[PDB]
């Protein structure tokens, strides 16, 4: 009856993922719930860049454990309760977890699940894995805490990985919080058009064209005061070179390095480091799990905006548990616009 996806092989610390890294298998769910458990039917599962690290024997992060071979993978999920021997939850209840196993159905611990209210997302439950969830909180809290945005101050925000989930939301949050100019950098023209025609970014820079330096100059004459960074690498050495004094880098992620033998908090190149030092550019580690008491208000704020249509939510949806592998790989190589999600039932 139940299908589950396990990690079949690892790509090596310096390898690129293949769909085949994951494998589907069938298993029998125990038909009896012991005290405290709930049986849930999986509705949606998330795939996210941090999972590339969990495919390594060593994740390089002390707060992410590696996945083991032949064992079921896991991550952000949203499902519906079917049977429940736990008081706070009953049939039809919608619950979520960041440790949801990649299974059609599961028997989880009631204390490990949080019930979500369909109203906050206009019924689109998959949003709780994105804009109205971890990714949106990362963009909102990242900006509110490391952004030093001052309404009317007339700052310019550069957002990398701008057509991804965190990027598309931050650029928009950027505007709503006071920045007057927001420019996104992404890997392709159609993504660029999405940023300016649907999200409202003032400009887009296609880095596949090959002259990020120059495009940036032109799109940013006046320097960069805020850089929501999702990619790191050359792209970042370029936004930084053009940042102004006392500006800030929200160090959200560095996806360009994930498949290279590289310590997540990599250090800027000597010359680039020199410039950061001179203009006094704040570049501090940012991990959203460190701001837990800011989640409910962040949730209420993001929901509010979404509900007023002030915050546009875009997603790319794949279908079926047997396609976790390919949806994960596809996202890591840019096949998604917005949050990558996989529909499970």
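Numbering follows the first chain given and starts at 1.
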{"property": "Higher-B stretch (mean Cα B-factor, as the entry records it), 266 to 274 or 230 to 238", "result": "266 to 274"}
{"property": "Greater mean Cα temperature factor according to the PDB record, 99 to 107 or 166 to 174", "result": "166 to 174"}
{"property": "Selection by C-alpha B-factor (highest) of 138, 215, 259, 189", "result": "215"}
{"property": "Top Cα B factor in the deposited entry, candidates 219, 255, 250, 131", "result": "219"}
{"property": "Residue 36 CA temperature factor, ranked by third within the chain", "result": "highest"}
{"property": "Third of the chain, ranked by Cα B-factor, where residue 127 sits", "result": "lowest"}
{"property": "Residue 285 CA temperature factor, ranked by third within the chain", "result": "highest"}
{"property": "Cα B factor band for residue 62 (lowest, middle or highest third within the chain)", "result": "highest"}
{"property": "Chain thirds of CA B-factor: placement of residue 210", "result": "highest"}
